[PDB]
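For reference, positions follow the sequence shown, starting with 1. Both backbone and side-chain heavy atoms feed into the values below; hydrogens, waters and symmetry mates do not.
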Amino acid sequence: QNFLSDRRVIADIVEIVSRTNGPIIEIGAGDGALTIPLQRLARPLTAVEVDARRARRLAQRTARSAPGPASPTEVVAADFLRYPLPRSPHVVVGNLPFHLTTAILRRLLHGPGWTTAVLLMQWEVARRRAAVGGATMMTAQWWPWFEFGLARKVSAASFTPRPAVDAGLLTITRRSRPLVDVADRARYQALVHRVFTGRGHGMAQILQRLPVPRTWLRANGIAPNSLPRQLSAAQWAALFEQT
Ligand SMILES: Nc1ncnc2c1ncn2[C@@H]1O[C@H](C[C@@H](N)CC[C@H](N)C(=O)O)[C@@H](O)[C@H]1O
């Protein structure tokens with residue numbers, strides 16, 4: 001496991017979390033590198049840590065730095081993949097174990113209540129999720145319900161011990177107005193898969209060899225030679241409504 005040792009990254013994450021509202025849930029709290037600074041935001045906090053011995057040590061540390069028994073942070077010894085997320089508004093934050101990143105992201109994207117997620121993960125994953133240099137199939141598949149932001153790059157030297165690759169700080173925000181109804185999620189995500197894996201050179205050829213009016217692409221501001229990665233969230237949703 002790679003614990004966050006760079007205090008500047010801690011300050012940066014706390015700065016982003018401080019601009020949000022409501023209760024906070026932290027994934028992989030560890031020794032409390034983020035938990036202790038997050039508790040000073042005076043908001044309700046739940047810190048999740050799968051190592052029970054480490055979770056008990058963290059519960060003592062959070063209580064010691066808290067105003068006292070009468071006033072704070074609940075430390076839960078649990079696997080976040082099995083943790084029931086509340087359906088009420090909350091904010092999620094975490095330094096994710098790099099081998100469980102996509103499973104944790106899947107669990108969060110299908111989960112309720114949370115309005116913002118502030119997550120530390122592998123740099124290549126955070127880059128693809130934030131659509132740096134164009135969107136990937138997974139980003140476009142979640143775009144009607146969420147927005148992704150790349151806050152910063154984080155060197156492997158900012159962790160102890162050092163991971164094999166660098167990291168990225170990713171923000172995710174739940175759209176208050178979804179672009180596609182959640183009931184149509186599986187058909188929407190199937191269409192996005194079909195376009196990213198379809199044969200053809202460019203959108204005009206891809207949409208031809210697929211099970212769309214020929215005037216549709218240019219009327220929606222899409223160049224016929226464009227690649228699926230160049231489409232915006234609004235264009236994917238218009239394509240879903242069309243098909
Ligand atoms: N599935 C899980 N659910 C909740 N915690 C996890 C899970 N898997 C790993 N853990 C913990 O996730 C943490 C991930 C670490 N990269 C960071 C820990 C901590 N925030 C620190 O920076 O001090 C480790 O403390 C792991 O023990």
Side-chain angles (χ1 to χ4, degrees), residues 1-98 100-101 103-121 126 129 146-149 151-152 154 158-160 167-174 176:
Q1 306 283 358
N2 313 107
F3 296 74
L4 189 52
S5 51
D6 196 345
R7 291 183 188 152
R8 301 166 301 183
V9 184
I10 295 170
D12 291 352
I13 292 176
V14 171
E15 178 178 28
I16 298 165
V17 170
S18 81
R19 300 187 314 257
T20 73
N21 304 100
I24 307 159
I25 303 182
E26 182 195 6
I27 311 166
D31 292 332
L34 291 172
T35 325
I36 300 301
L38 290 172
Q39 179 184 80
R40 297 182 216 116
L41 294 182
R43 286 153 64 176
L45 180 59
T46 307
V48 182
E49 170 51 44
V50 73
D51 181 328
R53 294 160 301 154
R54 197 176 295 137
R56 191 192 180 274
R57 282 178 228 123
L58 175 59
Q60 301 181 238
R61 190 190 180 182
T62 58
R64 170 65 165 248
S65 40
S71 186
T73 297
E74 180 179 23
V75 180
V76 182
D79 185 352
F80 181 80
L81 291 171
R82 296 156 71 131
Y83 187 80
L85 286 183
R87 304 197 131 260
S88 50
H90 65 281
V91 159
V92 170
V93 55
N95 181 7
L96 310 188
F98 289 5
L100 293 171
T101 290
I104 288 161
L105 284 179
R106 195 141 304 175
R107 167 72 167 185
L108 280 173
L109 297 165
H110 285 98
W114 67 267
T115 55
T116 301
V118 184
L119 308 165
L120 206 47
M121 62 185 62
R129 231 38 68 233
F146 302 93
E147 290 185 87
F148 306 85
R152 57 159 292 185
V154 173
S158 292
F159 301 89
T160 304
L169 180 53
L170 181 77
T171 61
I172 319 172
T173 74
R174 184 179 304 271
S176 159

Could you check if a side-chain atom of [X] sits within less than 4.5 angstrom of a side-chain atom of [Y], using non-hydrogen atoms only?
{"X": "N21", "Y": "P89", "answer": "no"}
{"X": "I104", "Y": "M121", "answer": "no"}
{"X": "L170", "Y": "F148", "answer": "yes"}

If you take all heavy atoms of [X] and [Y], which pair is closest and at what distance?
{"X": "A33", "Y": "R61", "value": "N-NH1, 4.4 Å"}
{"X": "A29", "Y": "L58", "value": "CB-CD2, 3.5 Å"}
{"X": "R107", "Y": "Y83", "value": "NH2-O, 2.9 Å"}
{"X": "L120", "Y": "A167", "value": "CD1-CB, 4.5 Å"}
{"X": "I10", "Y": "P37", "value": "CG2-CG, 3.7 Å"}
{"X": "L108", "Y": "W114", "value": "O-NE1, 2.8 Å"}

Quick one: [atom1] on [X] to [atom2] on [Y], what's the gap to the nearest 0.5 Å?
{"X": "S158", "Y": "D12", "atom1": "OG", "atom2": "CG", "value": "9.5 Å"}
{"X": "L4", "Y": "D6", "atom1": "CG", "atom2": "CG", "value": "6.5 Å"}
{"X": "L119", "Y": "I27", "atom1": "CG", "atom2": "CD1", "value": "5.5 Å"}
{"X": "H90", "Y": "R43", "atom1": "NE2", "atom2": "CZ", "value": "11.5 Å"}
{"X": "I172", "Y": "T115", "atom1": "CD1", "atom2": "OG1", "value": "12.0 Å"}
{"X": "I24", "Y": "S18", "atom1": "CD1", "atom2": "OG", "value": "9.5 Å"}

Look at the side chain of [X] and the backbone N and O of [Y], then say whether any donor-acceptor pair between them is shorter than 3.5 Å.
{"X": "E26", "Y": "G94", "answer": "no"}
{"X": "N95", "Y": "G28", "answer": "no"}
{"X": "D51", "Y": "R54", "answer": "yes"}

message = Please determine whether side chain to side chain contact (heavy atoms under 4.5 Å, CB included) holds for the pair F146 and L109, giving the CA-CA distance in whole Å, both sets of side-chain angles, and the decisive distance to 0.1 Å.
response = CA-CA 8 Å; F146 302 93; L109 297 165; 3.6 Å; yes
key: Verdict with reasoning, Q60 to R64, per side chain to side chain donor-acceptor pair (under 3.5 Å)   = CA-CA 6 Å; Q60 301 181 238; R64 170 65 165 248; over 6 Å; no
task = State which residue, out of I13, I16, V9, fulfils the side chain to side chain contact (heavy atoms under 4.5 Å, CB included) condition with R152.
result = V9
remark   = Between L45 and the options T62, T73, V91, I25, the side chain to side chain contact (heavy atoms under 4.5 Å, CB included) test singles out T73
inquiry  = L38 vs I36, test: side chain to side chain contact (heavy atoms under 4.5 Å, CB included). Steps then yes/no.
reply    = CA-CA 6 Å; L38 290 172; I36 300 301; over 6 Å; no
request  = Indicate whether the side chain of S5 and that of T160 have a donor and an acceptor atom separated by less than 3.5 Å.
outcome  = yes
